[PDB]
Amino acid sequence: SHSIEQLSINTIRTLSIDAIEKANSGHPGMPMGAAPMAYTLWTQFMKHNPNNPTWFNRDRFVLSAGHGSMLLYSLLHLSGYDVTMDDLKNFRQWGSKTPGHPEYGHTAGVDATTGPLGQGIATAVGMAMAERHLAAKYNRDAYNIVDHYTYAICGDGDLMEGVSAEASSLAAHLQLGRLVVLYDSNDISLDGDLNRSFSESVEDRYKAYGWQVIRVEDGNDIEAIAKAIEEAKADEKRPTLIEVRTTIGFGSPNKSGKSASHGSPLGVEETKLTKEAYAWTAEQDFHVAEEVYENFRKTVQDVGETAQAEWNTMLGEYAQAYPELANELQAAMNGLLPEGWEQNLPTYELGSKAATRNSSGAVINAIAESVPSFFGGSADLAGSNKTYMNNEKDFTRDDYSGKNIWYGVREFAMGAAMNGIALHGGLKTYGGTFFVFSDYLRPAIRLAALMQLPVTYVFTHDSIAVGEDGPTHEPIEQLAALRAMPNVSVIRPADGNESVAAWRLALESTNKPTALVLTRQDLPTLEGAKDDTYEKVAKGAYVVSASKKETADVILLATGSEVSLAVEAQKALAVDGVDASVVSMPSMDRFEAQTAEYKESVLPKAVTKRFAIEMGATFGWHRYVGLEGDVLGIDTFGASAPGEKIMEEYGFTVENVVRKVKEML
């Protein structure tokens, strides 16, 4: 065809190919197969403004098949987003705006970081949830202030991953009809023909969840794809999967339809044969005709600027009609917590006892009253995790204004949805499960950390104290596994007051996820934690119980439920003439950020007798106790028995702490 549409589509293909050739690295097959569908979505259906890529009401887009990144970068560049030709010529290079997989925060117009398969779809589900929640909270009368779609492109690999199955079940249950996923269905995986590992009916599975499924038989037919997208948008009650049958590496005589086109450059000669197949006559690489830029200018820039202008005008009128509502929305879009929200938070008195899951619950209910942007839930453990907002309604297909989310037994989808909710903007979000099952959502926590998303995890039942449910349900290594990960704050509060401070720090976060590690069992309120708690916990470690002498005989370090044990041990040590300091370390990461002077004041370099106590793996503790110190931890799995019995047998008693401290002196 000689149409401008076909030329634009082939420009996307050749730009992707040429950038991959020049990098000598990347994935050309999918941009070649998927260019027509993506072009159709991008220029004929999506509402977006290249000049304002963070427009709050733009249609969102997730490239779940992140390896196809050049498809996205081509579209951004061609459309007038701030991705330049020189940027494309630096694909996969040090410090470029065009990294091998899409990275939120590094490239204008990229809505989510993808690459790990499956998560893109689950993240988009979260964005769609956020859109409906915000629309229900803020829209009034004729002011459809929040009103947009959520689009994704995925491939076969995405649909094999369990996290996409979870997310797709959840999305159908919530009737998220503004979620539309285009599935690049090309019968090919990295290792070879898809039929060597996969033969299910994706269409029937999705209908079984409750999705609308539309098939496009010829992926090069943009009229068919446009009809499908129009059909998807007219269905209001079901999320839609459009299965678009394409040829991977379309155009390549020798690589099309083969896994060879998936994951490395076509090569010099194959590239020429491919351009020949496209009737692409340009002799120079990275060629774009001005009329292609003009095509995108009319269909994307002009349309998106008009849409944004009309939205801005409406927002002005909305703000006149509903000043307080509009003001709350502006604050939420900007991630601002209401002045004084924290004055609402609880305080635990001396001589009181409370599990930190319960103080966490009390805090969640205090936040729900004072922070209108709060939105979250649990993976089918609301009662156990204590995450429920008792004065709020449930988020359901029938009431999107409800704040309580029922994720079901879907930890990984929850973790990814939370990222989508945070990416959308407007909401402060959290999700709960047992700490032991944090492992189920680990890859999504890793994406939150990389994307710098201030989500909050409520991880309860943090130790062998869990008791009867046994070793499959008792965390051991989970703390270390999170503490080692870049850009994740891990806070394990020692009592009710430390937990209030920990939640405060989680809610105030702007650039990193925060994992709150909480007990099933009641903890006593600590005298040393009671005053100035927020400032103490903010330091990460502090002296919870001072020694009598300026220079201690020994320093006891402990976290969470072990701080009370360490304090009891300090008392018993003092009877025997050993003068111990006790340090509560609710957060190693926050402590490490403190000044050398502060750290020296808590852990003086002159005191080398140091004993750490924590019901979790010993891994990582020698950073603080050193070669001459010691650690009472747990480096085996747990047991099935009443929790107090296990704790006793595993050595978490005053008598045992005292003995081990003396052996070390």
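The first residue of the shown sequence is 1; numbering continues from there.
Stretches 116-124 and 305-313 differ in mean CA B factor, with 305-313 having the higher one.
Relative to its counterpart among 91-99 and 140-148, 140-148 has the higher mean temperature factor, C-alpha atoms as listed in the PDB entry. When the C-alpha B-factors of 495, 203, 86, 462 are read from the PDB record, the largest value belongs to 495. When the Cα B-factors of 474, 243, 166, 535 are read from the PDB record, 535 comes out highest. In this PDB entry, residue 483 carries a Cα temperature factor that places it within the lowest third of its chain's modelled residues.
For residue 626, the recorded CA temperature factor ranks within the highest third of the chain's modelled residues. In the PDB entry, a CA B factor belonging to the lowest third of its chain's modelled residues is recorded for residue 40. In this PDB entry, residue 656 carries a Cα temperature factor that places it within the highest third of its chain's modelled residues. Per the deposited record, the Cα B-factor of residue 598 falls in the highest third when ranked against the other modelled residues of its chain.
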